[PDB]
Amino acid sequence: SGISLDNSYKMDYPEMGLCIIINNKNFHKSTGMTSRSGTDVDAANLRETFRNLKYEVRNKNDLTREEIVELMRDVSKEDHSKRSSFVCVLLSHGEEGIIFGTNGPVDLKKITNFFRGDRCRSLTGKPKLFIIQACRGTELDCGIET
């Protein structure tokens, strides 16, 4: 065939891939974390948006730190051979490098490590997208008038 360039990811596999949405709104009282009002609006918006991009969306609500790790591990163990990519959306409280389960923190690195090129072979060479809606600290941007 003619000249072949590989500047774009192959996104024509039979399936676009999974879109895992973790929506944490209610947190255990003991954590002292407040409810995240309006997060359901985000969760629904994402479900529809990615549905239209042909992603197999799976919504999970109010997951403990244990359940988040278990979910990610299980998902990374699936056969993504026929999938073009992987998308994970995290909606919760957070700190730099951390996402909160309903009962405690989860290091983002622990979550993403399951998908490393050497740990999830069926996703090796494929785009792995993590969308994070959570604080990364307490700093506030005062902005500048333009």
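Numbering starts at 1 and runs along the sequence shown.
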Got a sec? Mean C-alpha B-factor, which is higher, 124-132 or 11-19?
11-19
Using only C-alpha atoms and the B-factors in the entry, which stretch averages higher, 83-91 or 99-107?
99-107
If you check the C-alpha B-factor for each of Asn52, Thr112, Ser35, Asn45 in the entry, which is highest?
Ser35
Sorting the chain's modelled residues by C-alpha B-factor and splitting them into thirds places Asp141 in the lowest
